[PDB]
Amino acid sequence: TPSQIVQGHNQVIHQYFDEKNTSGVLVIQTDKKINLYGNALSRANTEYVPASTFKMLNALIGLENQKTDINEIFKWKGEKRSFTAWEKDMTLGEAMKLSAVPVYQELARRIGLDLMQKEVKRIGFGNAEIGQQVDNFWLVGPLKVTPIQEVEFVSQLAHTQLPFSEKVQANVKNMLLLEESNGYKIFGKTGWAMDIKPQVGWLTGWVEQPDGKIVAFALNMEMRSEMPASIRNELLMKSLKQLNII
C-alpha cells in the first residue's frame, strides 16, 4: 500500500502561489474572524503602498465631503492617457471599474492635501501619512497599509460600518461590483504598483453569498513585469473555490 498525500485548502493555496514562483498572502475575514492563507503569511502584517486600492477611500472622502457626486461626468480634457479605454468622459463609478487614474487624481486635487490628510487620519487608514504630494501619495509613499488593515477596511465598507454616511458607502459599494451569478456577488479592486521595488499586487474586496453573508478578502503578492494582470484574479478565484466561499 502506497502513501497518499492529503491536500487541505491550506496546503493547496500555499502551493498556488509557489506554482507562480512568487510570494503572496490571502487574508479572509468573515464574522469578525480573520484567517491567513498563501505561501508568505508574514506579508499579512507588512505595510505596502495601497496603489489603486486607495481609489476606494478617495471616492468615499470625495463623496462625503461633496467634492463630487455619483452622476458627475469627469471630462477627458485631451491628454494622452495610459490606456485608450480611459480616453472618454466618465463617471466616478466608471473610473473605478476602469481604475482610471486621472479621474482619481482630479478628485484628489479637489479634496486638497489638508482635507485629505485630516480624513485619512480620521479613518486611521494604514500608517495614515500622506506627505506633501496630493496626487501620488498612495503610489510612491509615504502612505502604506497592511493586507490585514485592508481586509478590515473593506469588510467595514461591505457592512456600511465605516465612519461615513450610509448612502455614500452604499454608492461606493455599487462602484466595486465585479460579477453577479447564482445569487453570489463579488466586489473588489485590483492594484499594481510597478514603480516600487519589489512590485506589489493587490486584490481587495468581498463576496456576498446568497443568504447575505459577507466574506471579505485581501490578496497581496509580489508582482513581476512579465505576469499577466489576471494572475491576481486567477489566484483569488481558485482560492475562494478551494475555501468553499464560492
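In this text, residue numbers run from 1 along the sequence as written. For the two forms, the rigid core is made up of the largest set of C-alpha atoms that agree within 1.5 Å on superposition.
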| property | result |
| --- | --- |
| RMS CA shift, core-fitted in 6 other deposited structures of this protein, bigger for 227-235 or for 7-15 | 7-15 |
| Core-aligned Cα RMS comparison in 6 other deposited structures of this protein - stretch that moves more, 95-103 or 151-159 | 95-103 |
| Of 15-23 and 231-239, the one with larger mean CA B-factor | 15-23 |
| Of 179-187 and 212-220, the one with larger mean CA B-factor | 179-187 |
| Per the PDB entry, maximal CA B factor within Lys33, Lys55, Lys67, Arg43 | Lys67 |
| Out of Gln132, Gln156, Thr91, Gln105, highest CA B-factor residue | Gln132 |
| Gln199, C-alpha B-factor rank within chain (lowest, middle or highest third) | highest |
| Third assignment of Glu79 from its chain's C-alpha B-factors | middle |
| CA B-factor ranking of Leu115, expressed as a third of its chain | highest |
| Within-chain third of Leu63 by Cα B-factor, per the entry | middle |
| Lowest, middle or highest third - CA B-factor, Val140 | highest |
